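Peer 1: Quick check, what structure comes out for this input:
(chains A, B, C, D and E, ligands or ions: 3)
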Amino acid sequence: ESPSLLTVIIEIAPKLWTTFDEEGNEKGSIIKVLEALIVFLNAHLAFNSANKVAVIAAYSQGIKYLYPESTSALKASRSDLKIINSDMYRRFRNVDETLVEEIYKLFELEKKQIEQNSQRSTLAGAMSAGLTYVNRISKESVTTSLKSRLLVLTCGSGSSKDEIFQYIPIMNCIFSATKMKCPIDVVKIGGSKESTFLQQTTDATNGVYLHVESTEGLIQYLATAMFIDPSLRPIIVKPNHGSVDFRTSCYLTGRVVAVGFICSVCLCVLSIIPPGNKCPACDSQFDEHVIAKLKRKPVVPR
Amino acid sequence: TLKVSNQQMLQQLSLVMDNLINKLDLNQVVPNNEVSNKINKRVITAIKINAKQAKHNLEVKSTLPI
Amino acid sequence: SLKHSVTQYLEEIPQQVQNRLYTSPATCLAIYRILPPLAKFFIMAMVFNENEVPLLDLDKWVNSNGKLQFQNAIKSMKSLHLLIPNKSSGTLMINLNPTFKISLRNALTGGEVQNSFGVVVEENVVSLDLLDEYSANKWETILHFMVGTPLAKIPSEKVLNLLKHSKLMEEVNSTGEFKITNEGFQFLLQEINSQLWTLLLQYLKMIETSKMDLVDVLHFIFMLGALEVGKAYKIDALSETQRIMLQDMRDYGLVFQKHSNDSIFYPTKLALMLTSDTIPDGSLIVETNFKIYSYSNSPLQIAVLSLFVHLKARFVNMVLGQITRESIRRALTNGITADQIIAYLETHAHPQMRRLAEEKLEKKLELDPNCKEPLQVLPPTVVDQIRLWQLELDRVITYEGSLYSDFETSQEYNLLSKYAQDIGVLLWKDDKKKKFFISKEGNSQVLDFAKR
Amino acid sequence: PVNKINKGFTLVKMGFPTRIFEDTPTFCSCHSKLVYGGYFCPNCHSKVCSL
Amino acid sequence: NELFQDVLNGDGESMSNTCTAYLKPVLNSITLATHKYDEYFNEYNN
Ligand SMILES: [Zn+2]
Ligand SMILES: [Zn+2]
Ligand SMILES: [Zn+2]
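Peer 2: Numbers count the residues shown, from 1 in each chain, chains lettered A, B, ... in the order given. Ligands and ions are numbered 1, 2, ... in the order given. See the structure here:
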């Protein structure tokens, strides 16, 4: 019906993938994930002649575009390395070769810069970059009535816990994708079953969340659950099991928040009234009268 | 409600390097006819759960008399 | 249309011919890209697992509001024989076609393809200045001879006898010339991608010779769809029927070759836009005094205008014309009906006519919002004059046959008339005049009924 | 933008209701009509239609 | 509960379950409110 832009935000973190390899029996699961992604992107390009593909990798020290390659490299180049065979379809083959060469360049760059260890994940920035690319292609409109779809291939691996600092950018990405009617799909290849922020992302942007534990057989997951072109989203149901509760985390305890209290200024969430009669995130003094109205106990006769 | 060392991280990275250079056999993505069956069973159970949930969602009609 | 026409042809193709057709990965890729989105989604969800898939899983995959499209996709794939049903253990189980599955998986992952996408020799020619110019020159030649302008260069006798054996391009030898038909002008109406597809489909229909192998013919067509413009390919990967049809497509303009019997050939832009598509030229202004001002520099569009517009003057941007009675009667005697003339006028109507029609419709809705009217981009006076000229052509319509009368008994006439009504060749009957009429093709049945 | 002299800085007691999923319609607590889905309030477990 | 028994002995197990499913959430809500009342009552007596 209508062509679409499939933007794959893939989180290739050496730390996370090394922990995934140590948790699993096999080694080098990055290769299996990468080749399943290659076959899935070839499948998406086989779906329609005019549809488009973008890939953004979120590595340790930032983000980098994998397909298409940087225009500075386009102007400078072409050393066509022979990782992908040249007898296959050429319209898939240039895409695949550009993707694997940029994978090789990214791994060589972070092998050079391997010494610096960072606790700052760039998945949110990569998703924001993918949303900007979606907006760019939609506003350019060289192909009329182009749909768009985000697919996020992340890995948890049981090593990195939930990150509080990612909450605001992922929420902003949710609102932007909902405004542009671009679904966000998330595949989490790891041990931790629950990823609340990306689950809320899928359920609010009308995407599919899929948590998997083994890198083997990933192409069937991608071609069955993740192959939903936005042409057929309202007529194809989604396999996103495990409905998310749309809750949040307390600012000073960290637990999931039941009936609770938020600051009226900076909208921070607290499950308890903070000590010092002052907002922790906002530094506002709170009125003793109204917080005593909060601290009152319910009434019952003796 | 296991911190990996830089040496073995570099070893895993170099393993990925040589595995990318020597051959990327895309025909290896095909499952071995059993994990694909288990995967399709999991996906279709999720689809059945979601379809039973969202088969049906001015008030709606009731089986009660008025 | 386009996808409907190629799907209808591929459905008319028999089952074992389809199974032989599914050998090459490029043909499987093109046939897959023809399919509807649910059919394509199910095909790709069912390629990568070798085991069995039921219809109940596919039906649970579709929402409640897409069941009609699900049935459409299932019937399309079943008619195309991409699905093999199996009746075991009480569940109607579904297999993907094995040859189609293997070829599509090979096309996706890369592997054995037996050079179904060709080989490239890295030496190229310029696409816009040479390849596009050659393909456009061949297409302009074929359509200029087809619309009937005087030409110093005429196309090849292969497409001449293709055109005279096709449904369009009628021809007489008493005068010694060709006439554009109703479907001939329809051909000029649709986009050139569907023009190329319907020419290729009629060529597929007329190739019954042993020199042409139909599966190889379709392999070459879908391979040209899969190829890219501006870089070269070898003939050595082709069979001999693909060689001679490479020569035929060189004559058509789908492919360019530097010299005849060369080892290297160059596909053109029509080869890629065969698969799918992607003030304007030919945009014209109609006025109530039947004046036509068409911003066209292309001789093809000027020639197509001359089929029903009495041209008066020509500039670089635009041509002067007048929709006159004798020009419209020329088109109507050529069989170009008033509906498709008005369709051409609408599709080439000017943006200024569009915005003035929008202003008229805005004033009409702000004056009488109770009733809604269609957007009349071009004057209804000239539209009604075109339809009135159609009616003045078709004041009388003639059917030839036999009338049986002079019946002394009314019962025999009633029996003959009800027999004619049952066999469905009657046109008129009346007992008061004792007369019933039948068509020429229906004369023989009633004649043998009366004789026996 | 609020003015600096305003000192109405307080907590607002609120809860995050749970999206209930049910194949049987139930009476909503806000409009008293049959609704399939809804949200259960974390404090009193009454269902609301929209948020 | 009296309405539940009335539809139970009026229409017989075919639709009383449907009426119970219709009135289940507000019954749970009022039962939870009475349970909170009893809990705070006993906490102030003890
Ligand atoms: Zn605050
Ligand atoms: Zn309500
Ligand atoms: Zn409540």
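Peer 1: And the strands in chain D, which stretches?
Peer 2: D:11-14, D:18-20, D:26-27, D:34-35, D:38-40, D:47-48 (DSSP state E).
Peer 1: Just the CA coordinates for the longest one, please, in PDB.
Peer 2: What follows is the C-alpha trace of strand D:11-14 in PDB, where atoms were taken according to Å, rounded to 0.1, in the frame of the first residue of the first chain:
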ATOM      1  CA  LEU D  11       2.000  18.200  47.800                       C
ATOM      2  CA  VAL D  12      -1.000  17.000  45.900                       C
ATOM      3  CA  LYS D  13      -2.200  13.600  47.000                       C
ATOM      4  CA  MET D  14      -2.900  11.500  43.900                       C
END
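Peer 1: What helix or strand is residue C:38 located in?
Peer 2: helix C:37-47 (DSSP states H and E).
Peer 1: Do that helix and chain A come into contact?
Peer 2: Yes - residues of helix C:37-47 contacting chain A under CB under 8 Å from any CB of the partner chain: C:37, C:38, C:40, C:41, C:44, C:45, C:47. Where C-beta positions appear, they are placed from N, C-alpha and C, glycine not excepted.
Peer 1: The residue of chain C at minimum distance from chain A - nearest residue in space that isn't next to it in sequence?
Peer 2: Nearest residue of chain C to chain A (CB to the nearest CB) works out as residue C:66 at 2.7 Å. What sits nearest to residue C:66 in space, not counting adjacent residues and going by CB to CB, 6 or more residues apart in numbering or on different chains, is residue A:235, at 2.7 Å.
Peer 1: cool, and residue A:194?
Peer 2: In this structure, residue A:194 finds its nearest non-sequential neighbour in residue A:242, 7.4 Å apart by CB to CB, 6+ apart.
Peer 1: give me phi/psi at that neighbour?
Peer 2: phi 70, psi 70 (degrees, to the nearest 10).
Peer 1: contacting residues around it?
Peer 2: A:193, A:194, A:199, A:209, A:211 (CB atoms under 8 Å, 6 or more residues apart in numbering or on different chains).
Peer 1: Format the residues you listed as TSV; extra columns: neighbour count.
Peer 2: Putting those into TSV (neighbours: other CB atoms under 10 Å in any protein chain shown) gives the following:
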residue	neighbour count
A:193	10
A:194	12
A:199	21
A:209	25
A:211	21
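Peer 1: element containing residue A:239?
Peer 2: Assigned by DSSP H and E, residue A:239 falls outside every helix and strand.
Peer 1: how deep is it tucked in, by neighbour count?
Peer 2: Using other CB atoms under 10 Å in any protein chain shown, residue A:239 has 24 neighbouring residues.
Peer 1: so what's it closest to, chain neighbours aside?
Peer 2: Closest residue to residue A:239 apart from its sequence neighbours, by CB to CB, 6+ apart: residue B:46 at 3.8 Å.
Peer 1: Look up how far residue C:64 lies from that neighbour.
Peer 2: Residue B:46 is 18 Å from residue C:64, where distance means CB to CB, to the nearest Å.
Peer 1: Give me the more crowded residue out of the two.
Peer 2: A count of neighbours by other CB under 10 Å puts residue B:46 above the other of residue B:46 and residue C:64, at 19 against 11.
Peer 1: got the buried residues for the strand or helix carrying the more buried one?
Peer 2: For residue B:46, the host element (DSSP H and E) is helix B:35-53. Buried residues in helix B:35-53, counted by 16 or more other CB atoms under 10 Å in any protein chain shown: B:36-37, B:39-40, B:42-44, B:46-51, B:53.
Peer 1: cool, and stretch A:27-34?
Peer 2: Here stretch A:27-34 shows A:27, A:28, A:29, A:30, A:31, A:32, A:33, A:34 as buried, counting by 16+ other CB under 10 Å.
Peer 1: still on that earlier bit, quick one, what contacts the residue of chain C closest to chain A?
Peer 2: Taking CB under 8 Å, 6+ apart as the test, what residue C:66 contacts is A:232, A:234, A:235, A:236, C:38.
Peer 1: Give the buried subset of those residues as a PyMOL selection command.
Peer 2: In PyMOL, this line selects whichever of the contacts of residue C:66 come out buried by 16+ other CB under 10 Å:
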select buried, (chain A and resi 232+235+236) or (chain C and resi 38)
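Peer 1: Redo the contacts of residue C:66 as CSV? Include secondary structure.
Peer 2: Below are those laid out as CSV (DSSP: H, G, I helix; E, B strand; the rest coil):
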residue, secondary structure
A:232, coil
A:234, coil
A:235, coil
A:236, strand
C:38, helix
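Peer 1: State the pair within the contacts of residue C:66 that is farthest apart.
Peer 2: A:234 and C:38 (12.0 Å; CB to CB).
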